[PDB]
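Protein chains in written order, with the entry's author numbering: chain E, 1 to 188; chain Z, 5 to 195; chain F, 25 to 99, 120 to 147; chain b, 1 to 191; chain a, 4 to 376.
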Ligand SMILES: Nc1ncnc2c1ncn2[C@@H]1O[C@H](COP(=O)(O)OP(=O)(O)O)[C@@H](O)[C@H]1O
């Protein structure tokens, strides 16, 4: 096996059948430990999830002093509470929605308001898209629409050169069927 | 990078009794145990601890015994009864500290990477010294100097949460260093 | 397999005893090292996910309150009115997925 | 049935990175650990075996436990990269065996020396008369290359137990050809 | 293979005692006294022409190797590849011996230093800075070897013969000679190390002279006979005077690299005399007059304002300048060594400070003892 080219060829053709056989199951063990670490990740998330307390929903009626508030639970009584440390006391306005501690009962976190689903009718429909290429033959009024609506909110510097305010709004009068909604939807 | 440590007053307290536990056979003049913690930010928090068997020889001062297996199981107990808490380091007493503390620390940095140690002072408790805490960094030493370990210091304080001040204020009951002071109280603070 | 025969042609006492050891000896020592590291860490972490699953089993216990999820937020978040006519908040939901839930 | 505390002491110095024993000197001493851990287990299900290294440090990587599966796991990745330090190896084995949780067990140490030891004759005979004042039997079994039966090794074994002592064998091996058959001849039944 | 050294027995003097000792050691398959024996042959200063005659045997070592420390294995192949004396195939030979141990023993880092040891002579910019940078990317978690930084300085020492390596060399020359400890080689190389160390802090930007190197022995014990002008001009800097005679006599002595930076010499000492004339009076009257700067620094009157705004800009002082009196106010925060005989005067300041605290504490306690309680 020193230097016959036949036997030293067979020196590793008994070895390469072993050294890939010991390498084949090891990446399988890499995969199995990878899936178990993914499963252990879910368990430790639940150990984090198990220890939470749950909170009380309430709303701020008014502010008394720099630390005394008057809140009210959704179904229960009124209270006098405080903040945690850094809850930005200027942001708490009379009418906001907050979340209270269960036992300490002070304010943990404020919440926005998403009430009365009749007004919740803005998130299901589409804005379009319509981009002034679908609308036909009405462009002379379209340009006159876009100065008083689009140009305030996109471009207030022009209204400060001459010195003029208006975000006011229009009235679209005309017999039905023609264009009275698409112009609204195109500029929206 | 540690701002300051916060000593919950059960831990020191639970060191002094354990010094008094071995004090009936007391010939060691040092007590080493495990310091549980709750790392939150650059400021550190400690609220629980326990002890561990440890010995040390005056000759050659480098033969020492932290018990790993006792440290495994009893921390496995305190994890099981409270999964909030984990290890942050260790403690000892005897303010003239043995130089073996390089070896104690570099062992159990494999439990916590940024390991930390707090020295309490059970018998010297008189003038100005609550505790002391070190941090472990290792430069060489300086620009043109040989290698070294060089324990560094992080400042310390004694913390307070609710339902331990309840345990504090019910246990003082004698003079208490009463609330916001009079003329005599402020002058003694100046003394 | 041409180079497998062809390297047995050129250098007969230079890599036939050498190359067919060096990248196979260093292979089998790393394969011996890493067949036991992953296997022991496999068996250890099966025990820890066993013990955690036993721990979740005890704290997930009947009886249950029923309720109705009113809405869902993320900053993952839910506002829940119980059938005790009491509205609660939780920042963390628990042993479901937020995307699997609906009001 | 007999109650003792076995403290096996292996070598992982540089001088075990060679092959006078034909597979590997590590695999020679590892299989020696297999036959002594199975011997103390099958002789008594109430004994306990913990390991201690001696190269570059002495580490108590497994404590004195009746478990053996952790010991067999720690036999792997031993990394023989150290340099032998032997005078502290007895002292770190003895004060380990004064932290016994069952203090009715006897005390017996076995040690694997596969490196030439470089120590004073005075230091070991101070350790030998220390063990005379402490009643601990130590079995020194020579491995690897072997400066065979030195004045250091023979006088330590003699002053371990003089005037009809145990018979703690200073076991010598042929450096290479020959398995642990001589290692199971005398000491594993008649120490 | 035993007969391979029986025929290549020559050029190692005392042939039976070292070659027949050699064939005992690897035929018993040991690898440490064998390693000490082969290290003994290569450490031997000879011509050592049999590097090719031993690298076949070194390949025979790596055939049935299976145990050997790659640290000492690469430590001996860097002398072999030094003996090869042909850098073209030497790099390819090194990278093959580099990749044969990619294992957990970090000798690959000193392979990279062995790359730049042969590449800061040819191919000197394009990947030399990369094999500079890659080492301290890996010089982590372990100060225990210290030969890792020892050889990392050795490429930085060859990187001294670039342009902008004067202070960065000077910072690293302290790092090396700090991390290595023993002297372990004669004066005839060490005193030139101190010679290039004194010039590197001389040209360095942020350094003033960084004293206690005068206290550090590797220049004072090694150049106390020759090149005393450099110890003299380090005296004049750490004693901050202009002292125009000998600080010109260093330019009389040192002809290269000193007249080219003579303007920077006079620039540094005129902002180094400031932090000693403010060190002289202990802030009782630290309002220094402008003429005292113009006398000590021997600079003209119109340049002292740009001189003190410079030292304020660098940040070795935090004073201010008035010009209705043209006097300079000094609030100073750049301290230095204070030479144990002046620890004595520092002791007496501390004791006067001590007894004033204690005495009039006793006056307060005795005065208000009745209402203190
Ligand atoms: N000029 C126009 N360009 C493009 N589409 C138009 C035009 N006029 C009417 N339509 C189409 O007629 C439909 C009715 O338009 P709509 O705005 O709803 O009528 P009304 O203006 O009465 O509300 C729309 O779907 C729109 O597609």
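Every residue, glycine too, gets a C-beta built ideally from N, C-alpha and C.
Could you spell out the range, first to last residue, of the alpha helix (DSSP H) harbouring residue i?
i: residue 108 of chain Z; result: 105-111
i: residue 321 of chain a; result: Taken as a continuous stretch (DSSP letters only), residue 321 of chain a belongs to no alpha helix (DSSP H), as it is neither H nor E.
i: residue 178 of chain a; result: 170-182
i: residue 18 of chain Z; result: 17-26
i: residue 238 of chain a; result: 231-241
i: residue 87 of chain b; result: 87-94
i: residue 55 of chain a; result: 54-66
i: residue 148 of chain E; result: 139-154
i: residue 159 of chain E; result: 158-161
Give me the DSSP bridge partner(s) of residue i.
i: residue 169 of chain E; result: DSSP lists no partner for residue 169 of chain E.
i: residue 50 of chain b; result: b:7
i: residue 211 of chain Z; result: Because chain Z spans 5 through 195 in this model, residue 211 of chain Z falls outside it and cannot be assessed.
i: residue 97 of chain E; result: E:59, E:111
i: residue 96 of chain Z; result: Z:123
i: residue 140 of chain b; result: b:111, b:170
i: residue 69 of chain E; result: E:63, E:81
Would you please state the rounded distance, in angstroms, between the beta carbons of residue i and residue j? I believe it to be under 8 Å.
i: residue 84 of chain b; j: residue 55 of chain b; result: 6 Å
i: residue 144 of chain b; j: residue 16 of chain b; result: 6 Å
i: residue 13 of chain b; j: residue 115 of chain b; result: 5 Å
i: residue 80 of chain E; j: residue 100 of chain E; result: Wrong, their Cβ atoms sit about 12 Å apart, outside the cutoff.
i: residue 112 of chain a; j: residue 142 of chain a; result: 7 Å
i: residue 22 of chain a; j: residue 12 of chain a; result: 5 Å
i: residue 187 of chain E; j: residue 146 of chain E; result: 7 Å
i: residue 147 of chain F; j: residue 96 of chain F; result: 6 Å
How far does the beta strand (DSSP E) with residue i in it extend, from its first residue to its last?
i: residue 4 of chain b; result: 4-9
i: residue 64 of chain F; result: Segment 43-83 is the alpha helix (DSSP H) holding residue 64 of chain F; no beta strand (DSSP E) there.
i: residue 85 of chain E; result: Counting along the chain, residue 85 of chain E falls outside any beta strand (DSSP E), and DSSP gives it neither H nor E.
i: residue 155 of chain Z; result: 155-157
i: residue 332 of chain a; result: 330-332
i: residue 161 of chain Z; result: 160-162
i: residue 22 of chain b; result: Where residue 22 of chain b is concerned, there is no enclosing beta strand (DSSP E), given that its DSSP letter is neither H nor E.
i: residue 125 of chain F; result: 121-126
i: residue 107 of chain b; result: 106-113
request  = Output, in sequence order along the chain, the residues in the region 101-129 of chain b whose CB is closer than 8 Å to any CB in chain a.
outcome  = The region 101-129 of chain b vs chain a, Cβ under 8 Å: nothing.
ask   = Of all the residues that make up the region 43-77 of chain F, which are near chain b by a beta-carbon distance shorter than 7 Å?
value = Going along the region 43-77 of chain F in chain order, one finds 57, 60, 64 with a Cβ nearer than 7 Å to chain b.
Chain a contacts from the region 2-21 of chain b (Cβ-Cβ distance under 7 Å) = From the region 2-21 of chain b, only 14, 15, 17, 18, 19, 20 have a Cβ closer than 7 Å to chain a.
task = Count the CB pairs spanning the region 90-105 of chain b and the region 4-16 of chain b that are closer than 8 Å, and state whether there are at least three.
result = Yes: at least three Cβ pairs fall under 8 Å.
Selection of the region 70-81 of chain b by Cβ proximity to chain F, strictly under 7 Å = So the list reads 73, 76, 77, given in the order they occur along the chain.
inquiry  = Counting beta carbon pairs with one atom in the region 66-81 of chain b and one in the region 98-109 of chain b, are three or more of them shorter than 8 Å?
reply    = Cβ pair count under 8 Å is below three, so no.
Contact the region 314-331 of chain a vs the region 353-360 of chain a: 3+ CB pairs below 8 Å = The region 314-331 of chain a is not in contact with the region 353-360 of chain a.
inquiry  = Short of 7 Å Cβ to Cβ, which residues in the region 4-15 of chain a face chain F?
reply    = Of all residues in the region 4-15 of chain a, none is placed with a Cβ closer than 7 Å to any Cβ belonging to chain F.
message = I want to know whether the region 20-40 of chain a touches the region 171-185 of chain Z - three or more CB-CB distances under 8 Å.
response = Contact between the region 20-40 of chain a and the region 171-185 of chain Z is absent: fewer than 3 CB-CB pairs across the two stretches fall below 8 Å.
ask   = Closer than 8 Å, Cβ to any Cβ of chain a: which residues of the region 142-161 of chain b, in chain order?
value = For the region 142-161 of chain b, which is checked against every Cβ of chain a, the residues closer than 8 Å are 145.
query = Using a beta-carbon distance cut-off of less than 8 Å, what residues from the region 136-163 of chain Z approach chain a?
reply = Against chain a - using a Cβ distance shorter than 8 Å - the residues of the region 136-163 of chain Z are 142, 144, 145, 146, 147, 148, 149, 150, 151.
query = Does the region 37-47 of chain b come within contact of the region 33-43 of chain Z, defined as at least 3 CB pairs closer than 8 Å?
reply = The region 37-47 of chain b is not in contact with the region 33-43 of chain Z.
message = So if I threshold CB-CB distances at 7 Å, which residues from the region 24-37 of chain E count as touching chain F?
response = Residues 26, 29, 30, 32, 33, 36.
task = Would you check if the region 258-277 of chain a and the region 204-212 of chain a touch, i.e. whether three or more CB-CB distances between them fall below 8 Å?
result = The region 204-212 of chain a is in contact with the region 258-277 of chain a.
ask   = Within the chosen definition, does the region 186-202 of chain a reach the region 215-222 of chain a through at least 3 CB pairs nearer than 8 Å?
value = Counting Cβ pairs under 8 Å, three or more are found: they touch.
key: Inter-stretch contact (C-beta, 8 Å, three-pair minimum) for the region 61-76 of chain E and the region 34-42 of chain E   = No: the two stretches stay apart, fewer than three of their Cβ pairs being nearer than 8 Å.
key: the region 5-23 of chain E / the region 53-63 of chain F touching (three or more Cβ pairs under 8 Å)   = Output reads yes: the region 53-63 of chain F touches the region 5-23 of chain E.
request  = Determine which residues of the region 45-60 of chain E have a Cβ less than 8 Å from any Cβ of chain F, and write them out in chain order.
outcome  = The region 45-60 of chain E vs chain F, Cβ under 8 Å: 46, 47, 48, 49, 50, 52, 54, 55, 56, 57.
ask   = Three or more beta-carbon pairs under 8 Å between the region 26-37 of chain Z and the region 87-98 of chain Z, yes or no?
value = With a cut-off of 8 Å, the region 87-98 of chain Z and the region 26-37 of chain Z count as touching, because enough Cβ pairs lie within range.
key: Cβ contact check for the region 65-84 of chain F and the region 125-133 of chain F: 3 or more pairs under 8 Å   = Taking 8 Å as the limit for Cβ pairs, the verdict is that the region 125-133 of chain F does not touch the region 65-84 of chain F.
ask   = Is there contact here, the region 364-371 of chain a with the region 321-336 of chain a, by at least three beta-carbon pairs under 8 Å?
value = Output reads no: the region 321-336 of chain a does not touch the region 364-371 of chain a.
query = Which residues, in order along the region 18-39 of chain a, keep a beta-carbon less than 7 Å from a beta-carbon of chain b?
reply = So the list reads 31, 32, 33, 34, 35, given in the order they occur along the chain.
query = Would you call the region 155-164 of chain b and the region 120-140 of chain b in contact, with 3 or more CB pairs under 8 Å?
reply = As far as the Cβ criterion goes, the region 155-164 of chain b touches the region 120-140 of chain b, which means the pair count is three or higher.
key: Members of the region 69-86 of chain a that neighbour chain b once the beta carbon cut-off is set at 8 Å   = From the region 69-86 of chain a, only 69, 70, 71, 72 have a Cβ closer than 8 Å to chain b.
inquiry  = Using a Cβ distance threshold of 8 Å, determine whether the region 140-158 of chain a contacts the region 111-131 of chain a, with at least three qualifying pairs required.
reply    = They touch, by the three-pair rule.
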